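Listing of data-v9.cif, mmCIF, N, CA and C atoms
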```
data_input
loop_
_atom_site.label_atom_id
_atom_site.label_comp_id
_atom_site.auth_asym_id
_atom_site.auth_seq_id
_atom_site.Cartn_x
_atom_site.Cartn_y
_atom_site.Cartn_z
N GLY Z 1 -25.66 -4.95 26.72
CA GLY Z 1 -24.22 -4.79 26.84
C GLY Z 1 -23.49 -5.61 25.77
N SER Z 2 -23.57 -5.13 24.54
CA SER Z 2 -22.93 -5.81 23.43
C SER Z 2 -23.12 -5.00 22.14
N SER Z 3 -24.38 -4.77 21.81
CA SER Z 3 -24.71 -4.02 20.61
C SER Z 3 -23.92 -2.71 20.58
N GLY Z 4 -23.53 -2.31 19.37
CA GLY Z 4 -22.77 -1.09 19.19
C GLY Z 4 -23.27 -0.30 17.98
N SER Z 5 -23.07 1.00 18.04
CA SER Z 5 -23.50 1.87 16.96
C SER Z 5 -22.59 3.10 16.88
N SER Z 6 -22.66 3.78 15.75
CA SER Z 6 -21.85 4.97 15.54
C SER Z 6 -22.68 6.06 14.86
N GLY Z 7 -23.18 5.73 13.68
CA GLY Z 7 -23.99 6.67 12.92
C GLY Z 7 -24.88 5.93 11.92
N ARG Z 8 -24.64 6.22 10.65
CA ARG Z 8 -25.41 5.60 9.58
C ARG Z 8 -24.67 5.73 8.25
N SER Z 9 -24.40 6.97 7.88
CA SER Z 9 -23.70 7.24 6.63
C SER Z 9 -24.53 6.75 5.45
N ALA Z 10 -24.59 7.58 4.42
CA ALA Z 10 -25.34 7.25 3.22
C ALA Z 10 -24.80 8.06 2.04
N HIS Z 11 -24.16 7.35 1.13
CA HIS Z 11 -23.59 7.99 -0.05
C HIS Z 11 -22.95 6.93 -0.95
N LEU Z 12 -23.43 6.89 -2.18
CA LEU Z 12 -22.92 5.93 -3.15
C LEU Z 12 -23.29 4.51 -2.71
N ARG Z 13 -23.03 3.56 -3.59
CA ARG Z 13 -23.33 2.17 -3.30
C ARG Z 13 -22.84 1.80 -1.90
N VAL Z 14 -23.49 0.79 -1.33
CA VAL Z 14 -23.13 0.33 0.00
C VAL Z 14 -22.10 -0.80 -0.11
N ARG Z 15 -20.98 -0.61 0.56
CA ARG Z 15 -19.92 -1.60 0.55
C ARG Z 15 -20.21 -2.72 1.55
N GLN Z 16 -20.81 -3.78 1.04
CA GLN Z 16 -21.16 -4.92 1.87
C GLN Z 16 -20.02 -5.94 1.86
N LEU Z 17 -19.98 -6.73 2.93
CA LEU Z 17 -18.95 -7.76 3.05
C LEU Z 17 -19.48 -9.08 2.49
N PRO Z 18 -18.58 -9.79 1.76
CA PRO Z 18 -18.94 -11.06 1.16
C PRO Z 18 -19.01 -12.17 2.21
N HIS Z 19 -20.21 -12.72 2.36
CA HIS Z 19 -20.42 -13.78 3.33
C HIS Z 19 -19.57 -15.00 2.96
N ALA Z 20 -19.47 -15.92 3.90
CA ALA Z 20 -18.69 -17.13 3.68
C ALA Z 20 -19.32 -17.94 2.54
N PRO Z 21 -18.51 -18.88 1.99
CA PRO Z 21 -18.97 -19.72 0.90
C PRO Z 21 -19.93 -20.80 1.40
N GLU Z 22 -20.78 -21.26 0.50
CA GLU Z 22 -21.75 -22.29 0.84
C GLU Z 22 -21.37 -23.61 0.18
N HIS Z 23 -22.21 -24.61 0.40
CA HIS Z 23 -21.97 -25.93 -0.16
C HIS Z 23 -20.48 -26.24 -0.13
N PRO Z 24 -19.89 -26.12 1.09
CA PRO Z 24 -18.47 -26.39 1.27
C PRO Z 24 -18.19 -27.89 1.24
N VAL Z 25 -18.25 -28.45 0.04
CA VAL Z 25 -18.00 -29.87 -0.13
C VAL Z 25 -16.55 -30.08 -0.56
N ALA Z 26 -15.94 -31.12 0.00
CA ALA Z 26 -14.56 -31.44 -0.31
C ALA Z 26 -14.44 -32.93 -0.61
N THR Z 27 -14.08 -33.22 -1.85
CA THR Z 27 -13.93 -34.60 -2.28
C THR Z 27 -12.52 -34.84 -2.83
N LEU Z 28 -12.08 -36.08 -2.69
CA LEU Z 28 -10.75 -36.45 -3.16
C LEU Z 28 -10.66 -36.21 -4.67
N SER Z 29 -9.45 -36.37 -5.19
CA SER Z 29 -9.22 -36.17 -6.61
C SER Z 29 -9.09 -37.52 -7.31
N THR Z 30 -10.19 -37.97 -7.89
CA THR Z 30 -10.21 -39.24 -8.59
C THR Z 30 -9.41 -39.14 -9.89
N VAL Z 31 -8.14 -38.78 -9.74
CA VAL Z 31 -7.26 -38.65 -10.89
C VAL Z 31 -5.86 -38.28 -10.41
N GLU Z 32 -5.81 -37.27 -9.55
CA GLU Z 32 -4.54 -36.81 -9.01
C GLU Z 32 -4.32 -37.39 -7.61
N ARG Z 33 -3.19 -38.07 -7.47
CA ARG Z 33 -2.84 -38.68 -6.19
C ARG Z 33 -2.46 -37.60 -5.18
N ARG Z 34 -2.95 -37.78 -3.96
CA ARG Z 34 -2.67 -36.83 -2.89
C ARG Z 34 -3.20 -35.45 -3.26
N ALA Z 35 -4.43 -35.43 -3.75
CA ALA Z 35 -5.07 -34.19 -4.13
C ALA Z 35 -6.57 -34.27 -3.85
N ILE Z 36 -7.11 -33.17 -3.34
CA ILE Z 36 -8.52 -33.11 -3.01
C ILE Z 36 -9.17 -31.98 -3.80
N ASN Z 37 -10.35 -32.27 -4.33
CA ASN Z 37 -11.09 -31.28 -5.11
C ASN Z 37 -12.06 -30.54 -4.19
N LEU Z 38 -11.72 -29.29 -3.90
CA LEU Z 38 -12.56 -28.47 -3.04
C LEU Z 38 -13.63 -27.77 -3.89
N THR Z 39 -14.86 -27.83 -3.40
CA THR Z 39 -15.97 -27.22 -4.10
C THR Z 39 -16.87 -26.47 -3.11
N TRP Z 40 -17.17 -25.23 -3.46
CA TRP Z 40 -18.02 -24.40 -2.62
C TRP Z 40 -18.94 -23.59 -3.53
N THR Z 41 -19.84 -22.85 -2.90
CA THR Z 41 -20.79 -22.03 -3.64
C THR Z 41 -20.33 -20.57 -3.65
N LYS Z 42 -20.83 -19.83 -4.63
CA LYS Z 42 -20.49 -18.42 -4.76
C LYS Z 42 -21.26 -17.61 -3.72
N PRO Z 43 -20.50 -17.04 -2.76
CA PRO Z 43 -21.09 -16.24 -1.70
C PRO Z 43 -21.52 -14.86 -2.23
N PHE Z 44 -22.40 -14.22 -1.48
CA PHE Z 44 -22.89 -12.91 -1.86
C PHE Z 44 -21.76 -11.88 -1.85
N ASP Z 45 -21.32 -11.53 -3.05
CA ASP Z 45 -20.24 -10.56 -3.19
C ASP Z 45 -20.39 -9.48 -2.11
N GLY Z 46 -21.48 -8.75 -2.20
CA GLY Z 46 -21.75 -7.69 -1.24
C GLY Z 46 -21.60 -6.31 -1.88
N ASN Z 47 -22.39 -6.09 -2.92
CA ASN Z 47 -22.35 -4.82 -3.63
C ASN Z 47 -21.03 -4.71 -4.40
N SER Z 48 -19.94 -4.88 -3.66
CA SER Z 48 -18.62 -4.81 -4.25
C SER Z 48 -18.16 -6.20 -4.70
N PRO Z 49 -17.32 -6.21 -5.77
CA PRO Z 49 -16.81 -7.46 -6.31
C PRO Z 49 -15.72 -8.04 -5.40
N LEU Z 50 -15.59 -9.36 -5.45
CA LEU Z 50 -14.60 -10.04 -4.65
C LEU Z 50 -13.20 -9.73 -5.18
N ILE Z 51 -12.20 -10.12 -4.41
CA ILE Z 51 -10.82 -9.89 -4.80
C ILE Z 51 -10.07 -11.22 -4.80
N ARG Z 52 -10.12 -11.89 -3.66
CA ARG Z 52 -9.44 -13.17 -3.52
C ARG Z 52 -10.07 -13.98 -2.38
N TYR Z 53 -9.58 -15.20 -2.22
CA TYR Z 53 -10.08 -16.08 -1.18
C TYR Z 53 -8.94 -16.68 -0.37
N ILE Z 54 -9.23 -16.97 0.89
CA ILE Z 54 -8.23 -17.55 1.78
C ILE Z 54 -8.71 -18.93 2.24
N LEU Z 55 -8.19 -19.95 1.56
CA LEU Z 55 -8.55 -21.32 1.89
C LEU Z 55 -7.57 -21.86 2.93
N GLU Z 56 -8.08 -22.04 4.14
CA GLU Z 56 -7.26 -22.55 5.23
C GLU Z 56 -7.56 -24.03 5.47
N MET Z 57 -6.50 -24.81 5.53
CA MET Z 57 -6.64 -26.24 5.76
C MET Z 57 -6.33 -26.60 7.22
N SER Z 58 -7.07 -27.58 7.71
CA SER Z 58 -6.89 -28.03 9.09
C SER Z 58 -6.61 -29.53 9.11
N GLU Z 59 -5.33 -29.86 9.28
CA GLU Z 59 -4.92 -31.25 9.33
C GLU Z 59 -5.44 -31.92 10.60
N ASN Z 60 -4.91 -33.10 10.88
CA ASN Z 60 -5.31 -33.85 12.05
C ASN Z 60 -5.13 -32.98 13.30
N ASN Z 61 -6.23 -32.35 13.70
CA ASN Z 61 -6.21 -31.49 14.87
C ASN Z 61 -5.19 -30.36 14.65
N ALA Z 62 -4.99 -30.04 13.38
CA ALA Z 62 -4.05 -28.99 13.02
C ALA Z 62 -4.79 -27.65 12.96
N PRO Z 63 -4.05 -26.57 13.30
CA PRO Z 63 -4.62 -25.23 13.29
C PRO Z 63 -4.78 -24.71 11.86
N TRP Z 64 -5.84 -23.95 11.65
CA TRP Z 64 -6.11 -23.39 10.33
C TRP Z 64 -4.82 -22.76 9.81
N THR Z 65 -4.31 -23.34 8.73
CA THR Z 65 -3.08 -22.85 8.13
C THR Z 65 -3.37 -22.29 6.73
N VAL Z 66 -3.11 -21.00 6.59
CA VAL Z 66 -3.34 -20.33 5.32
C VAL Z 66 -2.56 -21.06 4.22
N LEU Z 67 -3.29 -21.87 3.46
CA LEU Z 67 -2.68 -22.63 2.38
C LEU Z 67 -2.66 -21.77 1.11
N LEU Z 68 -3.85 -21.43 0.64
CA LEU Z 68 -3.97 -20.62 -0.56
C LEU Z 68 -4.45 -19.21 -0.17
N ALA Z 69 -3.54 -18.26 -0.31
CA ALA Z 69 -3.85 -16.88 0.02
C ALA Z 69 -4.50 -16.20 -1.19
N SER Z 70 -3.78 -16.23 -2.30
CA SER Z 70 -4.27 -15.62 -3.53
C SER Z 70 -5.07 -16.65 -4.33
N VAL Z 71 -6.38 -16.55 -4.22
CA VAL Z 71 -7.27 -17.46 -4.93
C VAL Z 71 -8.21 -16.65 -5.82
N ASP Z 72 -8.58 -17.26 -6.94
CA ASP Z 72 -9.47 -16.61 -7.88
C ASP Z 72 -10.87 -16.51 -7.27
N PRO Z 73 -11.44 -15.27 -7.33
CA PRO Z 73 -12.76 -15.03 -6.78
C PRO Z 73 -13.85 -15.61 -7.69
N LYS Z 74 -13.49 -15.78 -8.95
CA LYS Z 74 -14.42 -16.32 -9.93
C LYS Z 74 -14.41 -17.85 -9.83
N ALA Z 75 -13.47 -18.36 -9.05
CA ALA Z 75 -13.35 -19.79 -8.86
C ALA Z 75 -14.18 -20.22 -7.65
N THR Z 76 -14.83 -21.37 -7.79
CA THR Z 76 -15.65 -21.89 -6.71
C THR Z 76 -15.12 -23.25 -6.25
N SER Z 77 -14.02 -23.66 -6.86
CA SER Z 77 -13.40 -24.93 -6.52
C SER Z 77 -11.87 -24.81 -6.61
N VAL Z 78 -11.20 -25.55 -5.74
CA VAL Z 78 -9.75 -25.53 -5.71
C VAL Z 78 -9.23 -26.94 -5.43
N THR Z 79 -8.00 -27.18 -5.85
CA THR Z 79 -7.38 -28.48 -5.65
C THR Z 79 -6.16 -28.36 -4.73
N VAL Z 80 -6.23 -29.08 -3.62
CA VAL Z 80 -5.14 -29.06 -2.65
C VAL Z 80 -4.16 -30.20 -2.97
N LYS Z 81 -3.00 -29.81 -3.47
CA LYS Z 81 -1.98 -30.78 -3.82
C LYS Z 81 -0.96 -30.86 -2.68
N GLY Z 82 -0.27 -32.00 -2.62
CA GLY Z 82 0.73 -32.22 -1.60
C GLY Z 82 0.08 -32.43 -0.23
N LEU Z 83 -0.46 -33.63 -0.04
CA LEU Z 83 -1.11 -33.97 1.21
C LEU Z 83 -0.55 -35.30 1.72
N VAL Z 84 -0.83 -35.57 2.99
CA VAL Z 84 -0.36 -36.80 3.61
C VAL Z 84 -1.43 -37.88 3.46
N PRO Z 85 -0.97 -39.09 3.03
CA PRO Z 85 -1.87 -40.21 2.84
C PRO Z 85 -2.28 -40.81 4.18
N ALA Z 86 -3.54 -41.23 4.25
CA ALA Z 86 -4.07 -41.82 5.46
C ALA Z 86 -4.11 -40.77 6.57
N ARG Z 87 -4.61 -39.60 6.21
CA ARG Z 87 -4.71 -38.50 7.16
C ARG Z 87 -5.93 -37.64 6.85
N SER Z 88 -6.52 -37.09 7.90
CA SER Z 88 -7.69 -36.25 7.76
C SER Z 88 -7.28 -34.84 7.34
N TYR Z 89 -8.13 -34.22 6.55
CA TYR Z 89 -7.87 -32.87 6.07
C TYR Z 89 -9.16 -32.06 5.98
N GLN Z 90 -9.12 -30.87 6.57
CA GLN Z 90 -10.28 -29.99 6.57
C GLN Z 90 -10.01 -28.77 5.69
N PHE Z 91 -11.08 -28.23 5.14
CA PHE Z 91 -10.97 -27.06 4.28
C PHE Z 91 -12.03 -26.01 4.64
N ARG Z 92 -11.64 -24.75 4.50
CA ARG Z 92 -12.54 -23.65 4.81
C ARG Z 92 -11.97 -22.34 4.28
N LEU Z 93 -12.60 -21.84 3.22
CA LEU Z 93 -12.17 -20.60 2.61
C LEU Z 93 -13.25 -19.54 2.81
N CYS Z 94 -12.80 -18.29 2.88
CA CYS Z 94 -13.71 -17.18 3.07
C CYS Z 94 -13.67 -16.30 1.82
N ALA Z 95 -14.54 -15.29 1.81
CA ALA Z 95 -14.61 -14.38 0.68
C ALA Z 95 -13.96 -13.05 1.07
N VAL Z 96 -13.04 -12.61 0.23
CA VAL Z 96 -12.34 -11.36 0.47
C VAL Z 96 -12.57 -10.42 -0.72
N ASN Z 97 -12.97 -9.20 -0.39
CA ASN Z 97 -13.22 -8.20 -1.42
C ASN Z 97 -12.61 -6.86 -0.99
N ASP Z 98 -12.67 -5.90 -1.90
CA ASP Z 98 -12.13 -4.58 -1.62
C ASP Z 98 -12.56 -4.14 -0.22
N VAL Z 99 -13.85 -4.31 0.04
CA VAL Z 99 -14.40 -3.93 1.33
C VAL Z 99 -13.58 -4.58 2.45
N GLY Z 100 -13.44 -5.89 2.35
CA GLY Z 100 -12.68 -6.63 3.34
C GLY Z 100 -12.95 -8.14 3.22
N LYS Z 101 -12.65 -8.85 4.30
CA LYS Z 101 -12.86 -10.28 4.33
C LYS Z 101 -14.06 -10.61 5.22
N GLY Z 102 -14.93 -11.46 4.70
CA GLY Z 102 -16.12 -11.85 5.44
C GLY Z 102 -15.79 -12.94 6.46
N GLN Z 103 -16.29 -14.14 6.19
CA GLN Z 103 -16.06 -15.26 7.08
C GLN Z 103 -15.73 -16.52 6.27
N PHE Z 104 -15.29 -17.55 6.98
CA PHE Z 104 -14.94 -18.80 6.34
C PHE Z 104 -16.09 -19.81 6.45
N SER Z 105 -16.16 -20.68 5.45
CA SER Z 105 -17.20 -21.69 5.42
C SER Z 105 -16.95 -22.74 6.50
N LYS Z 106 -17.99 -23.51 6.80
CA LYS Z 106 -17.89 -24.54 7.81
C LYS Z 106 -16.81 -25.54 7.40
N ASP Z 107 -16.34 -26.29 8.39
CA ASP Z 107 -15.31 -27.29 8.15
C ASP Z 107 -15.86 -28.38 7.24
N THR Z 108 -15.36 -28.40 6.02
CA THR Z 108 -15.79 -29.39 5.04
C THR Z 108 -15.77 -30.78 5.66
N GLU Z 109 -16.74 -31.59 5.24
CA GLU Z 109 -16.85 -32.95 5.74
C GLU Z 109 -15.46 -33.56 5.92
N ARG Z 110 -15.22 -34.08 7.12
CA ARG Z 110 -13.94 -34.70 7.42
C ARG Z 110 -13.43 -35.50 6.22
N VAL Z 111 -12.52 -34.88 5.48
CA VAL Z 111 -11.95 -35.52 4.31
C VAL Z 111 -10.67 -36.25 4.71
N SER Z 112 -10.58 -37.50 4.28
CA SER Z 112 -9.42 -38.32 4.59
C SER Z 112 -8.76 -38.79 3.29
N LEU Z 113 -7.43 -38.79 3.31
CA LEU Z 113 -6.67 -39.21 2.14
C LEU Z 113 -6.48 -40.73 2.18
N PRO Z 114 -6.25 -41.31 0.98
CA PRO Z 114 -6.06 -42.75 0.87
C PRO Z 114 -4.67 -43.15 1.36
N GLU Z 115 -4.62 -44.29 2.03
CA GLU Z 115 -3.37 -44.80 2.56
C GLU Z 115 -2.42 -45.18 1.42
N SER Z 116 -1.15 -44.89 1.64
CA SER Z 116 -0.14 -45.20 0.64
C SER Z 116 0.96 -46.06 1.25
N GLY Z 117 1.09 -47.27 0.73
CA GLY Z 117 2.09 -48.20 1.21
C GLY Z 117 1.52 -49.09 2.32
N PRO Z 118 2.45 -49.65 3.14
CA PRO Z 118 2.06 -50.52 4.24
C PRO Z 118 1.47 -49.71 5.40
N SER Z 119 0.61 -50.37 6.16
CA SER Z 119 -0.03 -49.72 7.30
C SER Z 119 1.02 -49.35 8.35
N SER Z 120 1.14 -48.06 8.58
CA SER Z 120 2.10 -47.56 9.55
C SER Z 120 1.37 -46.98 10.76
N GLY Z 121 1.64 -47.57 11.92
CA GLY Z 121 1.01 -47.12 13.15
C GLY Z 121 0.21 -48.25 13.80
#
```

Any chance you could put this one into structure tokens?
Amino acid sequence: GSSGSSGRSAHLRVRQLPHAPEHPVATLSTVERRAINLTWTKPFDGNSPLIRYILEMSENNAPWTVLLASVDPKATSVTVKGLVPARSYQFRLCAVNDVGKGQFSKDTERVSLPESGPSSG
């Protein structure tokens, strides 16, 4: 009570969906203040070429918020500018192609920004 089927279909290349990105590593920007360098691996296009990526950020217990909608498919790294200092930030982008959107990568290692100014709280 779960599995589903319809037919099979066979004609022309198979339009596969691009799996989520791998090596979802997220490191701060040792140059740009309040910026994190997101790095992931190139997921399996899926017969068809990618189109764009949707990198959703998850703040302190914050819901996945579509930060970067239009992202380069040839890009495997992105920089998140405009962040809060002394706060946790999560990243997870998926692969989107003509076929459609696959899935998002695991929540990048709990990335925290550097504190700015006096300790508040």

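Between residue 53 in chain Z and the candidates Z:19, Z:85, Z:72, Z:116, the tightest atom-to-atom separation, counting only N, CA and C atoms, involves Z:72.
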
Discussion item. Once the PyMOL selection byres (((chain Z and resi 93 and name CA) around 8) and name CA) has been evaluated on this model, what residues remain selected, and can you format them as a PyMOL selection string?
Written reply: chain Z and resi 20-21+53-56+91-92+94-95+103-105

Practice prompt. Taking the file above as input, evaluate the PyMOL selection byres ((chain Z and resi 39) around 5) and report the hits as a VMD selection string.
Written response: chain Z and resid 23 to 26 37 to 38 40 to 41 76 to 78

Practice prompt. Would you mind reading off the distance between CA of residue 18 in chain Z and CA of residue 74 in chain Z, one decimal, in Å?
Written response: 13.1 Å

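If you measure from each of Z:113, Z:71, Z:15, Z:58 to residue 44 in chain Z using only C-alpha atoms, the closest one turns out to be Z:15.
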
Worksheet item: Of the candidates Z:82, Z:31, Z:90, Z:111, which shows the shortest atom-to-atom distance to residue 59 in chain Z, using only N, CA and C atoms?
Response: Z:90

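CA of residue 102 in chain Z is positioned 26.1 Å from atom C of residue 35 in chain Z.
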
Discussion item. What parts of chain Z does DSSP call strand (DSSP E)? I'd like the answer as a PyMOL selection string.
Written reply: chain Z and resi 25-28+35-39+50-58+65-68+77-81+88-97+101-104+111-112

Worksheet item: Of the candidates Z:73, Z:89, Z:4, Z:114, which one gets nearest to residue 50 in chain Z if we count only N, CA and C atoms?
Response: Z:73
